[PDB]
$ cat entry26.txt   # compact mmCIF, C-alpha atoms and all ligand atoms
# COMPACT_ATOMS: atom_id res chain seq x y z
CA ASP T 88 1.89 -2.34 9.34
CA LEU T 89 1.39 -5.29 7.01
CA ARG T 90 1.37 -8.65 8.78
CA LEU T 91 3.35 -11.67 7.59
CA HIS T 92 1.69 -14.92 6.48
CA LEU T 93 3.79 -17.89 5.35
CA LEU T 94 2.26 -19.95 2.55
CA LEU T 95 0.09 -22.84 3.73
CA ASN T 96 1.21 -24.81 0.67
CA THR T 97 4.72 -25.48 1.96
CA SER T 98 5.91 -26.89 -1.40
CA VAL T 99 6.06 -23.29 -2.72
CA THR T 100 9.41 -22.20 -1.33
CA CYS T 101 12.15 -19.59 -1.35
CA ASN T 102 15.55 -20.52 -2.83
CA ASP T 103 16.68 -22.56 0.20
CA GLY T 104 13.44 -24.56 0.62
CA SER T 105 11.94 -22.38 3.37
CA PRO T 106 8.31 -21.41 2.68
CA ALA T 107 7.55 -18.25 0.72
CA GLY T 108 4.92 -15.80 1.94
CA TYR T 109 3.29 -12.37 1.82
CA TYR T 110 2.62 -9.40 4.12
CA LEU T 111 -1.04 -8.42 4.39
CA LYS T 112 -3.23 -5.57 5.55
CA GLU T 113 -6.88 -5.71 4.62
CA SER T 114 -9.23 -2.79 4.07
CA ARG T 115 -12.61 -4.36 4.72
CA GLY T 116 -14.68 -1.71 2.98
CA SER T 117 -12.62 -1.89 -0.21
CA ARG T 118 -12.83 -3.97 -3.37
CA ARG T 119 -9.36 -2.85 -4.57
CA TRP T 120 -6.33 -5.10 -4.03
CA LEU T 121 -2.69 -4.07 -4.53
CA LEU T 122 -0.09 -6.86 -4.83
CA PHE T 123 3.48 -5.50 -4.91
CA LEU T 124 6.51 -7.51 -6.12
CA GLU T 125 9.85 -6.66 -4.44
CA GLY T 126 12.99 -6.32 -6.56
CA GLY T 127 16.69 -7.05 -6.00
CA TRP T 128 18.61 -8.34 -9.10
CA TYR T 129 18.95 -12.18 -9.45
CA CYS T 130 21.48 -15.02 -9.56
CA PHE T 131 22.15 -17.38 -12.46
CA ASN T 132 24.39 -20.32 -11.45
CA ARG T 133 25.63 -22.25 -8.42
CA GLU T 134 28.65 -20.08 -7.53
CA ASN T 135 26.79 -16.82 -8.19
CA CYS T 136 23.82 -17.94 -6.07
CA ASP T 137 26.18 -19.14 -3.30
CA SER T 138 27.63 -15.62 -3.04
CA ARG T 139 24.14 -14.12 -2.83
CA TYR T 140 23.28 -16.62 -0.07
CA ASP T 141 26.13 -15.39 2.13
CA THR T 142 25.37 -11.64 2.00
CA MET T 143 21.78 -11.27 0.74
CA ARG T 144 20.11 -14.16 2.58
CA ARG T 145 16.75 -12.45 3.16
CA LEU T 146 16.40 -12.43 -0.66
CA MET T 147 16.83 -16.24 -0.64
CA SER T 148 15.15 -17.44 2.58
CA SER T 149 12.26 -16.58 4.90
CA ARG T 150 13.95 -17.89 8.06
CA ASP T 151 14.92 -14.36 9.23
CA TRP T 152 11.92 -12.34 7.99
CA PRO T 153 10.29 -9.94 10.47
CA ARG T 154 6.65 -10.40 11.38
CA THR T 155 5.56 -6.95 10.14
CA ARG T 156 6.44 -4.36 7.50
CA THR T 157 5.46 -0.69 7.33
CA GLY T 158 3.49 0.23 4.21
CA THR T 159 5.16 3.13 2.37
CA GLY T 160 4.44 5.05 -0.79
CA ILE T 161 1.70 3.35 -2.79
CA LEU T 162 1.43 0.73 0.00
CA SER T 163 0.71 3.48 2.56
CA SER T 164 -2.82 3.72 4.01
CA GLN T 165 -2.57 7.45 4.78
CA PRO T 166 -4.22 9.79 2.24
CA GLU T 167 -1.49 12.43 2.53
CA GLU T 168 1.25 9.92 1.66
CA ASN T 169 -0.86 7.93 -0.86
CA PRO T 170 -3.45 10.07 -2.70
CA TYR T 171 -4.03 7.24 -5.22
CA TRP T 172 -5.16 4.07 -3.35
CA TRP T 173 -4.86 4.79 0.38
CA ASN T 174 -8.00 2.71 1.09
CA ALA T 175 -6.97 -0.45 -0.81
CA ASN T 176 -6.12 -3.89 0.53
CA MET T 177 -2.29 -3.93 0.62
CA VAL T 178 -0.05 -6.92 -0.13
CA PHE T 179 3.77 -6.94 -0.16
CA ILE T 180 5.25 -10.13 -1.68
CA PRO T 181 8.92 -10.57 -0.66
CA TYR T 182 11.39 -11.51 -3.40
CA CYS T 183 13.10 -14.73 -2.29
CA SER T 184 13.46 -16.66 -5.58
CA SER T 185 16.28 -14.69 -7.33
CA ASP T 186 14.68 -15.46 -10.74
CA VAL T 187 13.11 -12.11 -11.78
CA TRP T 188 9.79 -13.79 -10.73
CA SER T 189 9.99 -16.24 -13.66
CA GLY T 190 10.96 -19.63 -12.19
CA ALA T 191 8.98 -22.84 -11.85
CA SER T 192 11.54 -25.36 -10.53
CA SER T 193 11.66 -27.00 -7.10
CA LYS T 194 14.67 -27.80 -4.97
CA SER T 195 15.30 -31.51 -5.59
CA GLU T 196 18.14 -34.02 -5.58
CA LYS T 197 19.75 -32.45 -8.67
CA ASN T 198 18.84 -28.81 -7.86
CA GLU T 199 20.67 -27.07 -5.02
CA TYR T 200 18.14 -24.20 -5.08
CA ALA T 201 14.44 -23.77 -5.80
CA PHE T 202 13.40 -21.06 -8.29
CA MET T 203 9.63 -20.67 -7.88
CA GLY T 204 8.88 -16.96 -8.42
CA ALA T 205 6.11 -17.57 -10.95
CA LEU T 206 4.45 -20.19 -8.73
CA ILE T 207 4.82 -17.97 -5.65
CA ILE T 208 2.73 -15.28 -7.31
CA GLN T 209 0.03 -17.72 -8.29
CA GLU T 210 -0.07 -19.38 -4.84
CA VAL T 211 -0.40 -15.99 -3.12
CA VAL T 212 -3.39 -15.19 -5.35
CA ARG T 213 -5.01 -18.55 -4.53
CA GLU T 214 -4.65 -18.14 -0.77
CA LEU T 215 -5.89 -14.52 -0.81
CA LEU T 216 -9.18 -15.58 -2.44
CA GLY T 217 -10.30 -16.94 0.94
CA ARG T 218 -9.34 -13.70 2.72
CA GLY T 219 -11.64 -11.47 0.65
CA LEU T 220 -10.02 -11.31 -2.80
CA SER T 221 -13.01 -13.28 -4.14
CA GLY T 222 -15.15 -10.13 -3.85
CA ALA T 223 -12.66 -7.80 -5.52
CA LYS T 224 -13.38 -5.47 -8.43
CA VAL T 225 -9.73 -4.62 -9.29
CA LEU T 226 -6.43 -6.45 -8.71
CA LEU T 227 -3.39 -4.24 -9.45
CA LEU T 228 -0.16 -6.26 -9.75
CA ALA T 229 2.69 -3.77 -9.14
CA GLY T 230 6.46 -4.11 -8.71
CA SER T 231 9.78 -2.27 -8.66
CA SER T 232 13.08 -3.01 -10.50
CA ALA T 233 13.29 -6.80 -10.92
CA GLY T 234 9.78 -6.79 -9.46
CA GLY T 235 8.74 -4.40 -12.24
CA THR T 236 9.99 -6.83 -14.88
CA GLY T 237 8.12 -9.56 -12.99
CA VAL T 238 4.86 -7.65 -13.46
CA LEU T 239 5.37 -7.79 -17.23
CA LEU T 240 6.15 -11.52 -17.06
CA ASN T 241 3.19 -12.43 -14.81
CA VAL T 242 0.23 -10.02 -15.19
CA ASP T 243 -1.46 -12.02 -17.98
CA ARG T 244 -1.02 -15.32 -16.11
CA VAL T 245 -2.78 -13.91 -13.03
CA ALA T 246 -5.73 -12.85 -15.23
CA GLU T 247 -5.82 -16.34 -16.79
CA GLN T 248 -5.73 -17.95 -13.33
CA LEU T 249 -8.76 -16.04 -12.05
CA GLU T 250 -10.68 -16.50 -15.30
CA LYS T 251 -10.34 -20.28 -15.01
CA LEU T 252 -11.07 -20.31 -11.26
CA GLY T 253 -14.49 -18.73 -11.89
CA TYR T 254 -13.82 -15.01 -11.23
CA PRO T 255 -14.28 -13.25 -14.60
CA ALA T 256 -15.36 -9.99 -12.90
CA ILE T 257 -12.01 -9.21 -11.23
CA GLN T 258 -10.17 -6.74 -13.48
CA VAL T 259 -6.42 -7.52 -13.45
CA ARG T 260 -4.02 -4.64 -14.29
CA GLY T 261 -0.26 -4.13 -14.04
CA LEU T 262 2.01 -1.35 -12.72
CA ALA T 263 5.67 -1.85 -13.80
CA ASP T 264 8.15 0.46 -12.00
CA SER T 265 11.81 0.70 -13.11
CA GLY T 266 11.68 -2.66 -14.93
CA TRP T 267 11.78 -1.44 -18.56
CA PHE T 268 15.32 -2.22 -19.80
CA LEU T 269 17.16 -1.98 -23.13
CA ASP T 270 19.43 -4.62 -24.67
CA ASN T 271 21.73 -1.86 -25.93
CA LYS T 272 25.48 -1.75 -26.53
CA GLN T 273 27.56 -1.13 -23.41
CA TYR T 274 29.66 2.02 -23.01
CA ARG T 275 32.62 -0.33 -22.34
CA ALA T 286 26.63 -9.35 -20.87
CA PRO T 287 23.18 -9.16 -19.30
CA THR T 288 21.77 -11.02 -22.24
CA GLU T 289 23.41 -14.36 -21.48
CA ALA T 290 23.15 -13.88 -17.78
CA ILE T 291 19.41 -13.87 -18.47
CA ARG T 292 19.65 -16.64 -21.07
CA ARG T 293 21.74 -18.70 -18.63
CA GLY T 294 19.41 -18.00 -15.71
CA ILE T 295 16.27 -19.03 -17.62
CA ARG T 296 17.85 -22.44 -18.12
CA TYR T 297 18.99 -22.64 -14.48
CA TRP T 298 15.55 -21.54 -13.20
CA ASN T 299 13.31 -23.37 -15.66
CA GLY T 300 12.00 -19.86 -16.25
CA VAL T 301 8.71 -19.20 -18.04
CA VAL T 302 7.55 -16.17 -20.06
CA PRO T 303 4.10 -15.06 -21.38
CA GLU T 304 2.70 -17.33 -24.12
CA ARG T 305 2.04 -14.91 -26.99
CA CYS T 306 5.62 -13.60 -26.46
CA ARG T 307 7.07 -17.12 -26.21
CA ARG T 308 5.35 -18.16 -29.44
CA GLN T 309 6.84 -15.16 -31.28
CA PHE T 310 10.49 -15.72 -30.30
CA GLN T 311 10.29 -19.53 -29.80
CA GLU T 312 12.73 -21.92 -28.15
CA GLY T 313 16.14 -20.61 -27.16
CA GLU T 314 15.07 -16.98 -27.56
CA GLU T 315 12.65 -16.49 -24.64
CA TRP T 316 15.24 -14.19 -23.04
CA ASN T 317 13.82 -11.51 -25.39
CA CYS T 318 10.57 -11.44 -23.37
CA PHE T 319 12.48 -9.99 -20.36
CA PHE T 320 12.81 -6.67 -22.24
CA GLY T 321 9.77 -4.43 -21.87
CA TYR T 322 9.64 -3.01 -25.39
CA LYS T 323 9.49 -6.58 -26.78
CA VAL T 324 7.03 -8.23 -24.34
CA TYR T 325 4.62 -5.30 -23.73
CA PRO T 326 3.12 -5.40 -27.30
CA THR T 327 2.11 -9.02 -26.67
CA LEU T 328 0.22 -8.39 -23.41
CA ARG T 329 -3.56 -8.29 -23.06
CA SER T 330 -4.00 -6.78 -19.57
CA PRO T 331 -3.69 -2.98 -19.12
CA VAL T 332 -0.19 -2.07 -17.91
CA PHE T 333 1.02 1.33 -16.68
CA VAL T 334 4.81 1.83 -17.17
CA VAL T 335 6.88 4.01 -14.80
CA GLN T 336 10.48 4.40 -15.94
CA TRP T 337 13.26 6.88 -15.23
CA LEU T 338 14.84 7.86 -18.54
CA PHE T 339 18.31 7.35 -16.97
CA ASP T 340 17.76 4.35 -14.69
CA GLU T 341 20.67 3.51 -12.38
CA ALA T 342 20.41 -0.25 -12.99
CA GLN T 343 20.45 0.37 -16.76
CA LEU T 344 23.62 2.43 -16.48
CA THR T 345 25.14 -0.33 -14.33
CA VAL T 346 24.56 -3.03 -16.94
CA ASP T 347 25.88 -0.49 -19.49
CA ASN T 348 29.18 -0.10 -17.53
CA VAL T 349 28.53 3.63 -17.05
CA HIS T 350 29.74 5.16 -13.78
CA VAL T 356 31.76 14.28 -18.68
CA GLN T 357 33.60 14.11 -22.01
CA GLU T 358 31.86 14.08 -25.39
CA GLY T 359 31.76 10.31 -25.91
CA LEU T 360 29.98 9.67 -22.62
CA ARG T 361 27.72 12.71 -23.17
CA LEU T 362 26.58 11.32 -26.53
CA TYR T 363 26.07 7.87 -24.95
CA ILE T 364 23.86 9.21 -22.14
CA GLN T 365 21.84 11.41 -24.51
CA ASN T 366 21.36 8.53 -26.96
CA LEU T 367 20.14 6.26 -24.13
CA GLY T 368 17.52 8.82 -23.05
CA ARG T 369 16.34 9.24 -26.65
CA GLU T 370 16.04 5.50 -27.21
CA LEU T 371 14.04 4.95 -24.01
CA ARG T 372 11.72 7.80 -25.06
CA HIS T 373 11.23 6.11 -28.46
CA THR T 374 10.25 2.74 -26.95
CA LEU T 375 7.51 4.49 -24.91
CA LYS T 376 5.99 6.36 -27.89
CA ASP T 377 3.07 3.90 -28.24
CA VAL T 378 2.63 3.07 -24.53
CA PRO T 379 -0.53 5.07 -23.74
CA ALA T 380 -0.20 4.89 -19.91
CA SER T 381 3.32 5.85 -18.85
CA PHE T 382 5.33 8.16 -16.59
CA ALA T 383 8.98 8.72 -17.58
CA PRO T 384 10.94 11.58 -15.95
CA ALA T 385 14.39 12.74 -17.06
CA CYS T 386 16.18 11.73 -13.86
CA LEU T 387 19.09 9.54 -12.77
CA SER T 388 17.47 7.40 -10.05
CA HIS T 389 16.08 3.93 -9.23
CA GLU T 390 12.56 2.83 -8.09
CA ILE T 391 9.83 5.21 -6.89
CA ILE T 392 6.43 3.72 -6.14
CA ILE T 393 7.01 2.44 -2.56
CA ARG T 394 9.16 5.35 -1.41
CA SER T 395 7.72 7.88 1.00
CA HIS T 396 8.25 10.96 -1.19
CA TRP T 397 6.87 9.41 -4.38
CA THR T 398 4.26 12.22 -4.71
CA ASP T 399 7.01 14.80 -5.25
CA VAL T 400 8.02 14.05 -8.85
CA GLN T 401 6.06 15.69 -11.68
CA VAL T 402 6.18 15.43 -15.47
CA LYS T 403 4.69 18.38 -17.40
CA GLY T 404 3.06 19.55 -14.16
CA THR T 405 1.32 16.24 -13.28
CA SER T 406 2.37 14.01 -10.37
CA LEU T 407 2.58 10.22 -10.43
CA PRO T 408 -0.42 9.68 -8.06
CA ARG T 409 -2.49 11.98 -10.27
CA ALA T 410 -1.47 10.12 -13.44
CA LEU T 411 -2.49 6.79 -11.90
CA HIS T 412 -5.90 8.25 -10.90
CA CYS T 413 -6.33 9.49 -14.50
CA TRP T 414 -5.49 5.96 -15.67
CA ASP T 415 -8.28 4.62 -13.41
CA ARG T 416 -10.77 7.06 -14.97
CA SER T 417 -9.66 6.18 -18.51
CA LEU T 418 -10.40 2.47 -17.87
CA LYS T 430 -9.71 17.04 -19.95
CA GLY T 431 -6.60 18.05 -18.01
CA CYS T 432 -6.05 14.53 -16.58
CA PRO T 433 -3.30 12.96 -18.70
CA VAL T 434 -2.01 9.41 -18.63
CA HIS T 435 0.96 9.57 -21.08
CA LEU T 436 3.73 11.69 -19.53
CA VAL T 437 7.23 11.34 -21.00
CA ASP T 438 9.92 13.99 -20.54
CA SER T 439 11.56 15.34 -23.69
CA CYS T 440 14.61 17.11 -22.24
CA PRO T 441 17.81 15.15 -22.86
CA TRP T 442 19.93 15.27 -19.69
CA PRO T 443 19.66 13.88 -16.13
CA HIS T 444 17.83 16.26 -13.79
CA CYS T 445 16.62 18.70 -16.46
CA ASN T 446 13.33 18.03 -14.66
CA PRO T 447 13.50 20.11 -11.44
CA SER T 448 11.36 17.63 -9.45
CA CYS T 449 13.86 14.73 -9.73
CA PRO T 450 14.73 12.90 -6.49
CA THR T 451 17.63 14.66 -4.84
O1 LIG J 501 17.50 -3.53 -8.73
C1 LIG J 501 17.07 -4.50 -9.43
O2 LIG J 501 16.24 -5.33 -8.96
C2 LIG J 501 17.56 -4.69 -10.86
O3 LIG J 501 17.35 -6.05 -11.16
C3 LIG J 501 17.38 -6.36 -12.52
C4 LIG J 501 16.81 -7.55 -12.95
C5 LIG J 501 16.84 -7.86 -14.30
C6 LIG J 501 17.44 -6.99 -15.20
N1 LIG J 501 17.45 -7.30 -16.61
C7 LIG J 501 16.26 -7.83 -17.36
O4 LIG J 501 15.23 -8.09 -16.85
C8 LIG J 501 16.60 -7.98 -18.72
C9 LIG J 501 18.11 -7.37 -18.88
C10 LIG J 501 18.58 -7.09 -17.58
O5 LIG J 501 19.68 -6.77 -17.28
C11 LIG J 501 18.01 -5.80 -14.76
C12 LIG J 501 17.98 -5.48 -13.41
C1 LIG J 502 1.03 -26.65 -3.92
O1 LIG J 502 1.81 -25.98 -4.92
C2 LIG J 502 2.32 -26.83 -5.96
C3 LIG J 502 3.17 -25.97 -6.86
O2 LIG J 502 2.41 -24.93 -7.45
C4 LIG J 502 1.16 -27.50 -6.69
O3 LIG J 502 1.66 -28.40 -7.66
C5 LIG J 502 0.27 -28.24 -5.70
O4 LIG J 502 -0.87 -28.76 -6.38
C6 LIG J 502 -0.18 -27.31 -4.58
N1 LIG J 502 -0.97 -28.04 -3.60
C7 LIG J 502 -2.26 -27.77 -3.35
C8 LIG J 502 -2.92 -28.61 -2.31
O5 LIG J 502 -2.86 -26.88 -3.95

$ encode --input "entry26.txt" --output "structure tokens" --more "lines below"
Ligand SMILES: O=C([O-])COc1ccc(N2C(=O)CCC2=O)cc1
Ligand SMILES: *[C@@H]1O[C@H](CO)[C@@H](O)[C@H](O)[C@H]1NC(C)=O
Amino acid sequence: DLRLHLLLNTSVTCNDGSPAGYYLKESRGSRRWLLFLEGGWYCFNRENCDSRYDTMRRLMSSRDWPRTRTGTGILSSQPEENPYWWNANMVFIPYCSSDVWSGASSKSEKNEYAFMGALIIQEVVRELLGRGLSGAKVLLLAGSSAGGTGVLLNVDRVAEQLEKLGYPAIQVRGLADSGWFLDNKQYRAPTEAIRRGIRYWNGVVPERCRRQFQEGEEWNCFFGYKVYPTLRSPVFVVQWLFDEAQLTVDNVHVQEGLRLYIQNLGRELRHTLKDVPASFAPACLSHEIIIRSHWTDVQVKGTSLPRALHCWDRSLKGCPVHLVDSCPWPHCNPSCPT
């Protein structure tokens, strides 16, 4: 179990003004720290956020959070379930800001909701320094789905934070799971919903990316193949070639026209990963992987995801780090989740 701690700085809040927080289990012999960002879509205006508040309240408030969570997958402490970092200090950061971890706006007298995802990450890092993060050698910022996009948006800022707080020896890395999306044509739009949300949230993006696209176009930095080339921290990219959330925003739910659409989507995703040296991209129709119990089951070209992450650690013979399937249809890889 990971144990819940609400933030001591109570000005850093979930959407409804309740304090944000994090679930913690320490490993007191270890200098590795894993900080995982939860996913769960987003909301982009008053009416859309009101609907989320009625049926997805735990993603907008801490008032009903349980006091513990079980660590699973890469947050598991058991070597058989987690061959990669079973001995690490484990942190689960709940997603309660509905802003793809990009917001920096408080609830005030003209804002019904607070959108503080970017400040929540940085406040968690500050408060962990006094619980042993100050002696860390590696901080891996990981995340799934919207949390995976949040890794891309925040990994460099965490490295900047620690560099200016006096900790230049902590190596900050990112692990982005299922957050690598394409702004492609639909089969029958997500791009304003993001452009509209950024305005609603006062959302922020990495600097080098923001300076490339400039004002009014920062929505581009939410797409992995556009923001990743601007990043300075090492980032490992895990991405199903046929991600379920991608097909959803593409209005896909088999005749020739759909067949060609699905094959073209797989080919384009493969192309955007050509120059990403650390990546794992199986030809499956699925969604998320790193915190699920059977995450050691999938293999690409004979190598599992926990092995590929270990090989990434060594890189920073027979221990590859760039694993992208080349077959063009969902589940042509026999190890796909069933
Ligand atoms: O399950 C989940 O959390 C899925 O959430 C998502 C959050 C954001 C996006 N998205 C971007 O980041 C850019 C374009 C786009 O649509 C997609 C899914
Ligand atoms: C609490 O968090 C807010 C928002 O990040 C920040 O402005 C403020 O300085 C913090 N307070 C303390 C005491 O660190």

$ residues_near_ligand --input "entry26.txt" --ligand "ligand LIG 502 (chain J)" --cutoff "6 Å" --atoms "only C-alpha atoms and all ligand atoms" --output "ChimeraX atom specification"
/T:96,98-99,206

$ write_last_selection --input "entry26.txt" --atoms "C-alpha atoms" --output "CSV table (one decimal), in the frame of the given file"
chain,number,residue,atom,x,y,z
T,96,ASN,CA,1.2,-24.8,0.7
T,98,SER,CA,5.9,-26.9,-1.4
T,99,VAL,CA,6.1,-23.3,-2.7
T,206,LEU,CA,4.4,-20.2,-8.7

$ atom_distance --input "entry26.txt" --atom1 "CA of residue 91 (chain T)" --atom2 "CA of residue 247 (chain T)"
26.5 Å

$ atom_distance --input "entry26.txt" --atom1 "CA of residue 205 (chain T)" --atom2 "CA of residue 219 (chain T)"
22.1 Å

$ residues_around --input "entry26.txt" --residues "region 290-293 of chain T" --least-positions-apart "3" --cutoff "10 Å" --atoms "all atoms listed in the file" --output "ChimeraX atom specification"
/T:129-132,186-187,286-287,296-298,300,313-317,319

$ residues_near_ligand --input "entry26.txt" --ligand "ligand LIG 501 (chain J)" --cutoff "7 Å" --atoms "only C-alpha atoms and all ligand atoms" --output "PyMOL selection string"
chain T and resi 126-129+187+232-234+236+266+268-270+287-288+291+319-320+342-343+346

$ build_atoms --input "entry26.txt" --residues "region 160-181 of chain T" --atoms "N, CA, C and O atoms" --output "compact mmCIF listing (two decimals), keeping the file's coordinate frame"
# COMPACT_ATOMS: atom_id res chain seq x y z
N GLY T 160 4.71 4.68 0.59
CA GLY T 160 4.44 5.05 -0.79
C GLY T 160 3.05 4.59 -1.19
O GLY T 160 2.05 4.88 -0.52
N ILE T 161 2.98 3.84 -2.30
CA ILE T 161 1.70 3.35 -2.79
C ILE T 161 1.13 2.24 -1.91
O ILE T 161 -0.06 1.90 -2.05
N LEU T 162 1.93 1.65 -1.01
CA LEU T 162 1.43 0.73 0.00
C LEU T 162 1.05 1.43 1.31
O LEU T 162 0.67 0.74 2.27
N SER T 163 1.16 2.75 1.38
CA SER T 163 0.71 3.48 2.56
C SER T 163 -0.82 3.60 2.58
O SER T 163 -1.46 3.75 1.54
N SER T 164 -1.39 3.57 3.79
CA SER T 164 -2.82 3.72 4.01
C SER T 164 -3.22 5.14 4.40
O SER T 164 -4.39 5.37 4.74
N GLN T 165 -2.28 6.08 4.41
CA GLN T 165 -2.57 7.45 4.78
C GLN T 165 -2.80 8.30 3.54
O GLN T 165 -1.95 8.30 2.64
N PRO T 166 -3.91 9.03 3.47
CA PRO T 166 -4.22 9.79 2.24
C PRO T 166 -3.16 10.81 1.87
O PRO T 166 -2.95 11.06 0.68
N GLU T 167 -2.49 11.41 2.85
CA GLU T 167 -1.49 12.43 2.53
C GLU T 167 -0.25 11.82 1.89
O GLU T 167 0.38 12.46 1.04
N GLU T 168 0.11 10.60 2.28
CA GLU T 168 1.25 9.92 1.66
C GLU T 168 0.87 9.18 0.38
O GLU T 168 1.73 8.99 -0.49
N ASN T 169 -0.40 8.77 0.25
CA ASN T 169 -0.86 7.93 -0.86
C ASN T 169 -2.20 8.46 -1.36
O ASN T 169 -3.26 7.91 -1.03
N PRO T 170 -2.19 9.54 -2.14
CA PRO T 170 -3.45 10.07 -2.70
C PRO T 170 -4.17 9.12 -3.64
O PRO T 170 -5.38 9.28 -3.84
N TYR T 171 -3.47 8.14 -4.22
CA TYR T 171 -4.03 7.24 -5.22
C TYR T 171 -4.94 6.16 -4.61
O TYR T 171 -6.16 6.25 -4.75
N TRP T 172 -4.37 5.14 -3.96
CA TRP T 172 -5.16 4.07 -3.35
C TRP T 172 -4.96 3.86 -1.85
O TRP T 172 -4.77 2.71 -1.42
N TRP T 173 -5.10 4.91 -1.06
CA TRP T 173 -4.86 4.79 0.38
C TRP T 173 -5.82 3.82 1.05
O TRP T 173 -5.49 3.30 2.12
N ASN T 174 -6.99 3.55 0.46
CA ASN T 174 -8.00 2.71 1.09
C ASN T 174 -7.97 1.26 0.60
O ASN T 174 -8.84 0.47 0.97
N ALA T 175 -6.98 0.88 -0.21
CA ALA T 175 -6.97 -0.45 -0.81
C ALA T 175 -6.45 -1.49 0.18
O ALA T 175 -5.86 -1.18 1.22
N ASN T 176 -6.74 -2.76 -0.14
CA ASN T 176 -6.12 -3.89 0.53
C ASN T 176 -4.68 -4.03 0.03
O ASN T 176 -4.46 -4.08 -1.18
N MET T 177 -3.71 -4.06 0.95
CA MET T 177 -2.29 -3.93 0.62
C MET T 177 -1.57 -5.26 0.80
O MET T 177 -1.66 -5.87 1.87
N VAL T 178 -0.85 -5.70 -0.22
CA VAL T 178 -0.05 -6.92 -0.13
C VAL T 178 1.37 -6.62 -0.60
O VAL T 178 1.56 -6.05 -1.67
N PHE T 179 2.36 -7.02 0.20
CA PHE T 179 3.77 -6.94 -0.16
C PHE T 179 4.28 -8.37 -0.26
O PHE T 179 4.23 -9.11 0.73
N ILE T 180 4.74 -8.77 -1.45
CA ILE T 180 5.25 -10.13 -1.68
C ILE T 180 6.78 -10.07 -1.67
O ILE T 180 7.37 -9.52 -2.62
N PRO T 181 7.45 -10.61 -0.66
CA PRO T 181 8.92 -10.57 -0.66
C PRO T 181 9.52 -11.38 -1.80
O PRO T 181 9.02 -12.44 -2.19
